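Take a look at this single chain in structure tokens; it is the form deposited in one PDB entry.
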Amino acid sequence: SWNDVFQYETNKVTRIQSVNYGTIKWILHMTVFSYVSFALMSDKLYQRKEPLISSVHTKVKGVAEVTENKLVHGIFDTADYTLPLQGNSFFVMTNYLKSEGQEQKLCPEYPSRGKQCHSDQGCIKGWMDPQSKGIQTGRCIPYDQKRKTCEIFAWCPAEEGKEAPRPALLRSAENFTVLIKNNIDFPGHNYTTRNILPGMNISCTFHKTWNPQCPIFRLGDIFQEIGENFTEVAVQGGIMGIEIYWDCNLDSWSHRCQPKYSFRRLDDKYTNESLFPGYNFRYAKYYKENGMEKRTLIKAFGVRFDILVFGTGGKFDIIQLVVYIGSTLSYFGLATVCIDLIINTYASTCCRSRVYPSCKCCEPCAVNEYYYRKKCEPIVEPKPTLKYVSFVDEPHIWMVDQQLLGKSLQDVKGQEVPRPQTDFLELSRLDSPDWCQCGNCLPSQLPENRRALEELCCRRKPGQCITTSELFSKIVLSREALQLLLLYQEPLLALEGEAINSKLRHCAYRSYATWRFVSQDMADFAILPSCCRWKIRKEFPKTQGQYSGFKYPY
């Protein structure tokens, strides 16, 4: 409880003194660090970004001389051509159609797009024409001497459908100027600025290169900066956007909050004639003449200038930086993942069999086998079916994970596992059964259902028994050695009774298993051959009992 809490687990590591792997690791670490730092700096991922709230105030300067037909020469000032800024847009009239002295009465509709009538059949009665802006009476009447148009109750004289005058009457509007004052705020960052600061000169007009910070814009300059023709757009009008981009850095050490001005036509050039190309609106001036209520309809074409203000303000935020660093921390395991993959791949035996002979250049990479055997310790799941057998004729060990369904273990033929290398430091001291192949194996006395477990020979092929080897007597059948091992485990062991024979048998089994399998993990589930088993059992006979044989440790 108390002790379990006060524990620290650290990973066991193998440190490789390799030039190539160290170089690869450092190259990858530096690459990851460089990319992560570059991304952090470029995208300012350490900054919290706040959108701006903007207020725009515009002022148009300019007077237009207009001459029309008696001959009437007049001047238009801001009140005569400008619609005050509403929201973030201002309108400049560039052309107009005037219809003076309109009365609500009957009149022929203007002949637009060949809207001629030859009979009263074509003209419906009671039909509200949104183009003509009147109610048809069902009659066709002469609009002039030659052509006739459907009659309508409307504001008369009706002139809707008349084309915009060409050239535009207020062409001189290209020479008008607009002063744009832009106040922006980031309330989360509690910062505010404006596009005009002390030091600027009113004698400036905006230029992309010479005066990119002057907020005074000539309208024609706006149009010609983005390849638009003010003279043409003036006839039918349009919508132009003045984009103000605020890429603002609010850190004291990198403070930069300046506006960037740009221009973009917002109305489609090739809008279909049916979809009301350009920009215009109809303005009515109502008055009384004699006893008649009249109105002067001005179809004003012009350019609506939409001032579009957008941008973000970035300020250092520790939480954003921490989240980014945490997001990128796992990328620093790239070197370990790559080098471990290299070690795993170049540890395979196949590489030596096929790859290396074909490509002798990659021969020095065989050292990865040593790294893998120093890094990885394979272990198999211990289950009752797990058995290990060893044949003296063969050089390797065999692992059997399959149940013995009556077939002798000698024939059940599991997979092959290598015998571990023995600790040389520790070794610096001094009617036979059909499945048998050595003439010493005896039939098992276990129950038939599990008799195949012990049906194992010391060798696969005929030959001399392992029991005949000199080492077998000393390692296994030497009573002195087994007694010494017993004393080592139990110094005060009493060498009396029938248990001493059982203990010697167990230690002899363990000794053979350790000798022929080395690994304790394999020795624990090893299976002794019948010959060696029975030689051990007769060296230490059991008096009045039946041998139980191998049992599952778990």
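When you see a residue number, it is the position in the sequence shown, counting from 1. In this text, rigid core is short for the largest set of C-alphas that superpose within 1.5 Å between two forms.
Below, we turn to the form deposited in another entry, even though it does not appear here.
Following superposition on the rigid core between this form and the one not shown, the residue from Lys375, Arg139, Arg264, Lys162 with a C-alpha displacement of 2 angstroms or more is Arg139, and no other. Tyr110: CA moves 2 Å or more between this form and the one not shown after rigid-core fitting. Relative to the superposed rigid core, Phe76 undergoes a CA displacement smaller than 2 Å between this form and the one not shown.
Comparing the forms between this form and the one not shown on their rigid core, the Cα displacement of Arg450 stays under 2 Å.
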